[PDB]
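For the sequence shown, the positions run 25 to 125, 137 to 144, 154 to 284, 322 to 651 when the deposited numbering is used. In this text, a Cβ means the ideal position worked out from N, Cα and C, and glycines have one as well. Since the structure comes first, as structure tokens, the remarks are kept for the end.
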Amino acid sequence: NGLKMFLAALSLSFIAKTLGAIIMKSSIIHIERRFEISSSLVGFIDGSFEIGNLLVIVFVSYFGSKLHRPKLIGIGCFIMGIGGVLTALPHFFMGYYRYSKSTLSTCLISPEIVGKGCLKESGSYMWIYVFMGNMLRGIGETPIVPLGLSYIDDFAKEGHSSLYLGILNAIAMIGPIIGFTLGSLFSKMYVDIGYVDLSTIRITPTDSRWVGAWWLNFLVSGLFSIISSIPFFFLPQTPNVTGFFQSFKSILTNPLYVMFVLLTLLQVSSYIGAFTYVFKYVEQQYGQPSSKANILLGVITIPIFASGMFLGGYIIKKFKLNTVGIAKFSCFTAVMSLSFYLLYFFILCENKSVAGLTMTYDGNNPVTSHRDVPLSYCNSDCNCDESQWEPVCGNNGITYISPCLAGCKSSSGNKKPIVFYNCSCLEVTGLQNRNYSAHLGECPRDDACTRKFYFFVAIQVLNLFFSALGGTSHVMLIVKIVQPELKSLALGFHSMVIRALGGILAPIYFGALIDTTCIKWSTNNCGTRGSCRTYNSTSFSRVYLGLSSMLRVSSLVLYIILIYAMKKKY
Ligand SMILES: C=CC1=C(C)/C(=C\c2[nH]c(Cc3[nH]c(/C=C4\NC(=O)C(C)=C4C=C)c(C)c3CCC(=O)O)c(CCC(=O)O)c2C)NC1=O
Ligand SMILES: *[C@@H]1O[C@H](CO)[C@@H](O[C@@H]2O[C@H](CO)[C@@H](O)[C@H](O)[C@H]2NC(C)=O)[C@H](O)[C@H]1NC(C)=O
Ligand SMILES: *[C@@H]1O[C@H](CO)[C@@H](O)[C@H](O)[C@H]1NC(C)=O
């Protein structure tokens with residue numbers, strides 16, 4: 025055995041860290057509904073992990089490179105566990121969830157939550173516990189990648205180093221699996237499960253204001269991190322201050338390293354943003370929210386991604402590759418991924434033709450600007466709230482904003498069918514089997530586009546496999562181009578850059594440039610602002626895919642320069 029024992033312990037810690045991350049990112053809606061926490065504060069609670077990890081991922085990645093790396097990893101996992109337990113803590117202190125607990140809109144002739161929440165948050169509201177409990181995860185997660193991997197790449201064999209990193213990044217996928225299954229098994233248990241008799245709880249997952257046993261999940265994450273930290277306290281050191326600024330200057334002055342950091346920042350920002358908004362893209366362009374984007378995609382994706390990471394490691398090992406070799410392999414990965422992106426632009430469909438946003442409500446003449454579209458002879462008599470968004474589809478295949486705007490005055494209502502009838506707007510032609518009708522929901526797109534949806538899913542799985550075939554190349558190329566005694570600080574600073582400029586900023590400006598294309602903004606009662614109901618299909622696609630491809634092209638260009646400069650140096 026030997027280093028293999030540390031490898032197993034570090035794999036367990038990877039599982040714990042990924043499970044913690046996903047189980048924090050899966051309980052946002054639950055906690056929010058049981059805490060009188062304005063979404064704005066929920067964003068801050070979620071960013072607690074970042075504000076904790078950033079201030080430390082360097083100060084512990086250099087000072088730890090000299091003092092018994094395994095014990096530091098163990099203290100880190102133990103801190104992560106205590107953080108999870110302290111996150112689940114507030115459930116035993118507060119009271120019961122006693123605060124547990137239409138609009139057909141046919142046409143015819154103050155801060156209350158924050159106010160009560162603020163009152164509830166008059167002092168240090170219980171929410172702070174979660175925030176801090178989450179921040180601890182940061183302070184505990186940081187000595188795993190920088191302080192662990194260095195160890196391996198400094199105590200392994202000459203070529204083995206890579207296969208291990210592949211095995212670690214491929215076992216870390218057992219994290220999201222156990223997280224998803226344990227959440228969807230636990231998000232079905234009422235918040236106060238065991239305390240209250242579950243036969244009286246009226247609220248249901250189908251109904252609103254339902255809260256599950258959220259304290260049990262963070263508790264599980266905590267117990268799992270603690271059980272993963274127990275083994276680390278037994279491995280040995282070696283299995284056989323005006324210095325910090327000095328080393329940091331000598332690692333930033335290194336041209337190859339800063340060039341590679343900028344490159345990986347660009348590329349990883351592009352991926353992260355693409356995978357953050359790919360679901361909204363699939364929904365807005367084709368019209369398949371969860372037809373194939375459902376858990377199925379997850380169970381078919383996880384084995385692919387794991388196989389990608391492991392094959393990347395194995396190919397870096399089996400096929401002996403020098404530093405230039407790893408650079409060329411990563412560049413080939415980037416070329417294949419960018420070719421797939423530049424393929425995506427050929428899989429596109431027509432725009433969602435909805436009355437009032439792209440055409441006049443009559444459906445005859447297209448309108449240029451959706452702002453100030455005049456009402457037609459359909460409804461000028463029908464008092465219709467123009468801000469309401471209730472997509473309905475008639476026999477003509479045209480989507481409408483609201484059944485009121487549809488020109489309808491009747492609906493099944495209590496009866497199960499959603500059909501509407503008698504509406505001047507659907508009356509486009511004559512003697513054409515004009516049995517005016519309308520079903521609830523957006524117009525389902527013709528088979529010609531759902532067929533392209535499968536092309537999209539296929540090339541997306543292929544591009545995720547080809548981008549996971551190189552996900553074990555960044556760390557190796559970083560450890561190889563930095564001086565031998567600075568690997569940990571290199572990995573730490575690189576994780577800082579990747580997380581603080583590709584995990585916090587990339588979704589932000591992607592969301593901004595995407596919201597540049599919104600056509601209908603849910604106006605709010607407190608303000609005209611809100612979420613977006615629909616995006617212009619072709620313009621949203623263009624903006625999103627174009628920004629992603631531009632980032633990828635800048636990345637690939639840097640790769641060329643880097644491989645060049647590197648081949649010049651060596
Ligand atoms: C439909 C299938 C499905 C998927 C794919 C899923 C999660 C999922 N999303 C991503 C991409 C992936 N990767 C990152 C981030 C990073 N990646 C990095 O290597 C670094 C250093 C960062 C920075 C923090 C993000 C944010 C996402 C997309 C997350 C999401 O929006 O779901 C991965 C690959 C690992 C990863 O990149 O973290 C996984 C397992 N859940 C599902 O149900
Ligand atoms: C829907 O609209 C039609 C037309 O206004 C309503 O009825 C009639 O149409 C047929 C054929 O022209 C005839 O019975 C009369 O000319 C119309 N008057 C009525 C009310 O009988 C029909 O009743 C409406 N049905 C609804 C309310 O869904
Ligand atoms: C209208 O009549 C046609 C037959 O001409 C029938 O197929 C269709 O289901 C009817 N639709 C409505 C709205 O009743």
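Cβ atoms of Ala549 and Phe386 come within 8 Å of each other, at about 5 Å. In this structure, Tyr481 has its CB at a distance of at least 7 Å from all heavy atoms of ligand 3. If you draw a straight line from the Cα of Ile407 to the Cα of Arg623, it is about 33 Å long. At least one heavy atom of ligand 3 lies closer than 7 Å to the C-beta of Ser518. Taking a C-beta distance under 8 Å as the contact criterion, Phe356 and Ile540 do not qualify as a contact pair. By the criterion of at least three beta-carbon pairs nearer than 8 Å, the region 425–444 is not in contact with the region 222–241.
Proximity to ligand 2 was defined by a C-beta distance below 7 Å to any of its heavy atoms, and the residues meeting it, in sequence along the chain, are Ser491, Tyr502 and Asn503. Excluding the 5 residues flanking it on each side, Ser554 has same chain C-beta neighbours closer than 8 Å at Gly393, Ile397, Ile407, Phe410, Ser411 and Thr414, in chain order.
Of all C-beta pairs linking the region 614–621 to the region 362–374, three or more are shorter than 8 Å, placing the two stretches in contact.
Taking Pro498 as reference, the option from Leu139, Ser228, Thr248 and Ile172 with the minimal CA-CA separation is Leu139. Counting the other Cβ atoms within 10 Å of the Cβ of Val638 gives fewer than 16, which makes it exposed. In terms of CA proximity to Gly488, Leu507 leads the group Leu507, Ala581 and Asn477.
DSSP places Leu567 in the helix class (H, G or I) of the three-state scheme.
Checking the 7 Å criterion, the Cβ of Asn514 is within range of a heavy atom belonging to ligand 3.
Residue range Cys613 to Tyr616 is occupied by the beta strand (DSSP E) that includes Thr615, with no alpha helix (DSSP H) assigned at that position.
The region 368–440 contains, as complete alpha helix (DSSP H) runs of 4+ residues, the segments 376–399 and 404–425 (chain order). Remark: C-beta atoms of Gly76 and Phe262 do not approach each other more closely than 8 Å. CA-to-CA, the gap between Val82 and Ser576 works out to about 9 Å. Collapsing the DSSP output to three states places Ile600 in a strand. Judged by DSSP in its simplified three-state form, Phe277 adopts helix.
The secondary-structure analysis by DSSP pairs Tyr442 with nothing; it has no beta-bridge partner.
At a threshold of 7 Å, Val349 counts as near ligand 1, since its beta carbon sits closer than that to one of the ligand's heavy atoms. For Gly67 and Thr323, the gap between their C-alpha atoms comes out near 37 Å. Around the beta-carbon of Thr250, fewer than 16 other beta-carbon atoms lie within 10 Å, marking it exposed. Cα atoms of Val563 and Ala571: separation of roughly 7 Å, rounded to the nearest angstrom. In the DSSP assignment, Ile237 is bridged to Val240. Burial state of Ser252 is exposed, judged by a 10 Å Cβ sphere holding fewer than 16 other Cβ atoms. Rounded to whole angstroms, the gap between the alpha carbons of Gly256 and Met176 is 21 Å. Between the beta-carbon of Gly105 and that of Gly219 there is about 15 Å, and that puts the pair past the 8 Å contact cut. Between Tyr442 and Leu486, the gap from beta carbon to beta carbon is short of 8 Å.
Relative to the non-hydrogen atoms of ligand 1, the Cβ of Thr382 comes within a distance shorter than 7 Å of at least one. In the DSSP assignment, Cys474 falls within the beta strand (DSSP E) that extends over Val473 to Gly475. Residue range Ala519 to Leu521 is occupied by the beta strand (DSSP E) that includes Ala519, with no alpha helix (DSSP H) assigned at that position. Placement of the Cβ of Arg181 at a distance of 7 Å or more from every heavy atom of ligand 1 is found. Within the same chain, and ignoring the five residues on either side of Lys490 in sequence, the residues whose Cβ sits closer than 7 Å to its Cβ are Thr141, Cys142, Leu143 and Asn503. Excluding the 5 residues flanking it on each side, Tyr395 has same chain C-beta neighbours closer than 7 Å at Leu207 and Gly210, in chain order.
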